[PDB]
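Read through the structure below, which is laid out as structure tokens, and then see the notes.
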4 protein chains.
Amino acid sequence: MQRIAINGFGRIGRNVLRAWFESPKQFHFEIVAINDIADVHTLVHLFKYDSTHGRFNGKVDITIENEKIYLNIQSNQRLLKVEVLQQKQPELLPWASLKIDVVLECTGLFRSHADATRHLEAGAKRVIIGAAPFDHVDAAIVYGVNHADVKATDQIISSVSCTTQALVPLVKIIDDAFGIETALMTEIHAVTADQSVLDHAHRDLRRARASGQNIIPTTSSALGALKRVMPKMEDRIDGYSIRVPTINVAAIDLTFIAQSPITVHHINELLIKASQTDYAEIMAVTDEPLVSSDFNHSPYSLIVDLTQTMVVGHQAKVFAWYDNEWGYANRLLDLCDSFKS
Amino acid sequence: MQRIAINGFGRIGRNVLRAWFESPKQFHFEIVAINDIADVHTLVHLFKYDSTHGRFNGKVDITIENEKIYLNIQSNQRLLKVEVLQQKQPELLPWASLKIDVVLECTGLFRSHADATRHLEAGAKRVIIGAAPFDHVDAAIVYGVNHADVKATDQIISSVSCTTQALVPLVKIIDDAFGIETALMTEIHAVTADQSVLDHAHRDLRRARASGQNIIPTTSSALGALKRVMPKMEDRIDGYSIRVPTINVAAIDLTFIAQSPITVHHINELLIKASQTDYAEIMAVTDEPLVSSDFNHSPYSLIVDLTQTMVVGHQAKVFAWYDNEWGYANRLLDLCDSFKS
Amino acid sequence: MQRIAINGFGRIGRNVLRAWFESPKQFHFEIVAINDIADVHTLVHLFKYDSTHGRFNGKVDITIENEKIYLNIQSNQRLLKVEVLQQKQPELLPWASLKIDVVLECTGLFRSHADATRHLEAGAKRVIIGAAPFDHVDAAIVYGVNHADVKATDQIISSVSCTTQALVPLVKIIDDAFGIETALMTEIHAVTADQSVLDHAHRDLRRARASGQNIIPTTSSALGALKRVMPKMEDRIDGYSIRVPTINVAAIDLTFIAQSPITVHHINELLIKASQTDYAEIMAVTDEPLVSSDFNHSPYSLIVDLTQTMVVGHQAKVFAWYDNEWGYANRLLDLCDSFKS
Amino acid sequence: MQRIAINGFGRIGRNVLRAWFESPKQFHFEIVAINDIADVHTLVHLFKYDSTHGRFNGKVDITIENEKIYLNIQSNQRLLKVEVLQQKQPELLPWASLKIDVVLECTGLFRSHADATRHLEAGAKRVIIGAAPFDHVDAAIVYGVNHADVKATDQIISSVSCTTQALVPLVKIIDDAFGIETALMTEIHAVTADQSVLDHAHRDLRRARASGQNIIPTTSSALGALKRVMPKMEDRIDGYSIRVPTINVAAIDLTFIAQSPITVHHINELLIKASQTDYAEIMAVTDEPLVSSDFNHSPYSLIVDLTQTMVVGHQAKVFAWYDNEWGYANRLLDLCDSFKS
Ligand SMILES: NC(=O)c1ccc[n+]([C@@H]2O[C@H](COP(=O)([O-])OP(=O)(O)OC[C@H]3O[C@@H](n4cnc5c(N)ncnc54)[C@H](O)[C@@H]3O)[C@@H](O)[C@H]2O)c1
Ligand SMILES: NC(=O)c1ccc[n+]([C@@H]2O[C@H](COP(=O)([O-])OP(=O)(O)OC[C@H]3O[C@@H](n4cnc5c(N)ncnc54)[C@H](O)[C@@H]3O)[C@@H](O)[C@H]2O)c1
Ligand SMILES: NC(=O)c1ccc[n+]([C@@H]2O[C@H](COP(=O)([O-])OP(=O)(O)OC[C@H]3O[C@@H](n4cnc5c(N)ncnc54)[C@H](O)[C@@H]3O)[C@@H](O)[C@H]2O)c1
Ligand SMILES: NC(=O)c1ccc[n+]([C@@H]2O[C@H](COP(=O)([O-])OP(=O)(O)OC[C@H]3O[C@@H](n4cnc5c(N)ncnc54)[C@H](O)[C@@H]3O)[C@@H](O)[C@H]2O)c1
């Protein structure tokens, strides 16, 4: 077993661990540690109880061996003993002792090549930044598109954002088949934890406004990040995110100019075949009249609504839902199960 | 005296009546009657207290002259005596005696020429259908664009949807300045009164879902309507509407292909100018990072977000807000004021 | 084995049928028919997809025959053939042909003895009204309290409201143990299906207001119902309800005067003992810091929050959560199962 | 001219400034400075644009004079020139230089006697803490009850909370007429700035949960505070609070044992009388069926719902609304204006 550590037990950190247990197939690695700036009792409480994902179907038992605090978790006929830490500064983590092979960096606070490496300076072999890269990176991966393009010499990988992981395959698939000249992306997204309950000072003057009562248009790391995966799309794609007051799940609305003839039928049939072949693992298509709440806890990177496809002359639009928490947390798992074979 | 009546004291019908009193200028016509299938006290209560636009600044007192009911409404140094009625069957209404010059159909249930004529058989002389056209109509009017081409012979007239009232000005202005090859619309709309609170049976399986907790991509009457008003744009444009849980205000994401050189600046500059020159009583533009609730009670048909503008090659995206309720309600008064000229 | 039918396939009716399959306990009766005013297609979609409780872990297949429409539902290793009907007039329903032993009236439209007998005319042997009695009932029942006092001759029963199911055991337990001079109830309830999305005509001028954006004080059926169940308490307990914009789950704030010595411990300890002994069936207690989301999909009639328990002098206050849909649906099955052996 | 300064330009700070300009009666004193840890541009935007209360009706202009930042604000035919600051440490502020007669402390952090003194040792003459007292104070004041009891020796004063200012009149008005043996409070409150948007680590584990999706019981400084104001109520009152997913406006449900015969009529007449006579400035009473968003922007410390009063036995309950932002903000101004002569 490879040994994995999560730094930052937030919406992502925590759902990774849930996903470890909830998965239909046992992952061939173990999660052996978690860090956060909060205490264990809080961490365990938010792990157990989730406004978004429900009560956790299993048992968590805190034990104290030595000074080392450990969670004994059990669910889906599977066990894990995890060490709980409360270190603010990553360079001071015990990754060497615990022998951590990969660190899922899920704090938002350590996106640089410099901060990433601090975990390596603390004994870790590899790191995965769970976010768009800030600066330099050894690699920018979207599981199902370029996970095979990881070299073993790669220490600072990025798994990008959820948005990027829905977006990239749509573009890959279509550019490849019909040719995309340019494209523009509207993302309609559930409220995220960085927003404000009420009008409160914030870096973003948009995201300063009450989360629960506003439509809030804003920036998306997705575009800058998608261009580190496909540099050819520089100057050829742009877009933005809209925040609305639902708790979870998002939609991506992508408008593009095709270089060959295109029909609704042809566009939809392409995406279906990909869902059944190369992109089986991460993509699915639906012709059913669903809404956001229907895709909660869905492990796919994207579910395409084929009813929503529109073509006019050479311009086309497609639409796809993703569970921005669940989908992405399963892609972090799937990515670690790839490094070993 | 121009005499107007409102059939359906709804979100629209009540906001029309308020708008009469709240306008800067006094309109050269009077509202003299309203009809709803609800009782008077319910109508008065809802008229006085609004979850969205606030309390009515004024007095409303019920008097029962003859065997008729009247409302005595004093506000903004103005007074009206409005007769209240309760007749589900539009032809049974006394439009003959009251000398109704124009009826505003705000029920939602009577949009066919056939159905709307029932007001003319009641003695009314003209009918503005406050909605998109079901079958045929003598005219289809977006105030500020084609309000002038209404005829004396015209009797059944449509003010279209609010979406349509914001989309047309944009398309007119851009097709005229740059050439639109094709375009596509995403409308992000607040909840509406036809939707459902929890999951409940409904003719549309999408709006059937819980309004408060869902993103609900649905359809827009706003495109069929725009093809009426601008027939030369047939087949150049399509779109769809998303419902999201805020109480009020909507936006449009318009994504078009341009037939000549375009830049973010030159787009934004054309819009600003157009607002200042030809389209001033219905169009504004803002430079600031605002959100939906900043447009509550805005009378404009559309406010353009200058920051939200984007160009990649020949493709471009512009973005406009509007108060779906209040915006539209001012265009109904604005339209009526154009007949007595 | 007994044959059950559901008139009205909404929040309750649909959760009745699911709870039947999801129940870890198999029930000894079968549900063989349902009726609503919407088409099978709408009914299936809504059964399969739910904003509150999620997707159904099962398969639904429609069987259209010469005239009859059936549903073949398979879940949790159980199967059911359910005839689907569309009759707004309960007297005409084929309850004879189908041999319906019990009907559940989850429509909220047939609460009188008069109207509930319309089922008895159509061939049914017994009706349970899924609401508070309106005029006369052969019995008002709270499962876990007086479920044993159902005489086999009783043809028209009532299973009161979700709120009554919780209030009664709380009062029973406390009045028996300490003695209630008087009590006052505050219910804080998620939004219900009868409320309005936006401000719209309604019978109640409070429930006419936009559900999503408003605290809404309102009345409770539960007090009338409680007097029918525990008649000695006439005039000793009043109360009211408050709707807030959550999707599901209610709470109950009972404030009472005690006739003997009360302390926080002594109250909680008794409530614990009940949850363990007499009422381990339908009652649970937590010390943990939970919120509404945590009781979503809990089948208990009431979960007491012991930390919220408070005493000053002779007055005290206790707090209980319940899943207003799921608890109430489970108590209907629980009830139907009690008419056996 | 008294000179006032605001520390913490939040929901209270901003609403305090706004309310200065909106008041019918000019205040015979002036706000001359604000301090927040945020950039002036953020503070100005957030002041101008408000999800809860609207656009500011007036013009704000920034000037940079002698390396000093100022705000020139014009509205309601009034002008204020206000210096903006950014000192996290209160001992460092220039209160002496500006000759500040009263600091308003709206940060939430500096509530201990020793903290609040940092403003005094920084040059200010008096300080009002805009929250319940943390440890001790020179005086805890509710405008309209004990406002005339302030001494010249009271330099650190508490203006308590939104909640306390509604509760103290109710408790006092009734205790005086009828006698209160004991009382228990339930407060239903809108979301506060300090809550979390999604489940996120937090000191309080109830307030850690998603604000827009939960009912969340919590604690209320209002009783500690009311005991400081009415020492005789020690051991005679208690309560707790509930956050629900609305943006603004709270209500208070108060249940008490009377020591004298009570009826509904007699309670409502006493409160109507008090609203008309001694509590006229802070209290009001409505007989209408209204909901939360109707009391938005109301300046009153409380508004009894005459319709909501209930009595059974010696025990009774009364219900009152208050705009938790706007109400309190006026009481700060009203209390500053009571320092004259
Ligand atoms: N939320 C999504 O849907 C989503 C999708 C894709 C990417 N991401 C990215 O994932 C990252 C995590 O976001 P999240 O949703 O988990 O939010 P979150 O704020 O809930 O998670 C942050 C967590 O890190 C903890 N933390 C803060 N400082 C720390 C430190 N110095 N050391 C250790 N722990 C620390 C916080 O207490 C919290 O538990 C962000 O970069 C976000 O942009 C999020
Ligand atoms: N609300 C918007 O944002 C908006 C914008 C543009 C256009 N519209 C159109 O305006 C119409 C009204 O929508 P709304 O939002 O006001 O909905 P609403 O439900 O609030 O208004 C409908 C009103 O009609 C009344 N009514 C029902 N049957 C009637 C009958 N037989 N005779 C008379 N009155 C009757 C209802 O009681 C209600 O007051 C719809 O057709 C809609 O397409 C609405
Ligand atoms: N939801 C709760 O928390 C709760 C709890 C306890 C009891 N109740 C009561 O249960 C009943 C149902 O309420 P609900 O929450 O399920 O609401 P709902 O509106 O979803 O249920 C009503 C259902 O009955 C259908 N219906 C309408 N007319 C009909 C007819 N003539 N014949 C047959 N079916 C018809 C509707 O189409 C709908 O599916 C009411 O009496 C309600 O007050 C509700
Ligand atoms: N909002 C209400 O309903 C209400 C009612 C009564 C009392 N209060 C009290 O008011 C206080 C503030 O609440 P709020 O609603 O203004 O919340 P808020 O979060 O909007 O206020 C905090 C503000 O102070 C600023 N700030 C933080 N640290 C600072 C520092 N060191 N120096 C200067 N400025 C700093 C923040 O950047 C922000 O602008 C709390 O104590 C709360 O109990 C609020």
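Letters for chains follow the order of the structure tokens (A, B, ...), residue numbers begin at 1 for each chain, and ligand numbers begin at 1 in the order shown.
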Find the residues of region 106-192 of chain D that sit at most 10 Å from region 253-272 of chain C; for each, write down the nearest two atoms and how far apart they are in Å, to one decimal. Count only C-alpha atoms. Sort by chain, then by number going up, and give it as a tab-separated table.
residue	atom	partner	partner_atom	distance
D:183	CA	C:255	CA	9.8
D:184	CA	C:255	CA	7.8
D:185	CA	C:255	CA	9.7
D:186	CA	C:253	CA	8.4
As a PyMOL selection string, please: the residues near residue 130 (chain A) (cut-off 6 Å, only C-alpha atoms, same-chain neighbours under 5 positions excluded). chain A and resi 105-106+159
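Using only C-alpha atoms and all ligand atoms, the shortest contact distance between ligand 4 and any of D:215, D:329, D:137, D:173 is found at D:329.
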Could I get the residue neighbourhood of ligand 1 at 6 Å, counting only C-alpha atoms and all ligand atoms, as number ranges by chain? A: 7-13, 35-37, 88-89, 106-108, 130-131, 161-162, 192-193, 324-325; D: 200-201
May I have the residues of chain A within 6 Å of chain D, counting only C-alpha atoms, written as a PyMOL selection string? chain A and resi 193+197-198+212
Which residue is closest to residue 295 (chain D)? Choose from B:48, B:91, B:55, B:164 and count only C-alpha atoms. B:55
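Computed from the coordinates, the CA of residue 136 (chain C) to CA of residue 321 (chain C) distance equals 29.6 Å.
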Between C:65, C:218, C:297, C:226, single out the one closest to residue 146 (chain C), counting only C-alpha atoms. C:226
Grab the CA of residue 238 (chain D) to CA of residue 219 (chain D) distance for me, in Å with one decimal place. 10.3 Å
Based on DSSP run over this structure's backbone, return all residues of region 157-321 of chain C in strand (DSSP E), as an MDAnalysis selection string. chainID C and resid 157:158 180:189 216:218 237:243 250:258 283:286 302:312 315:321
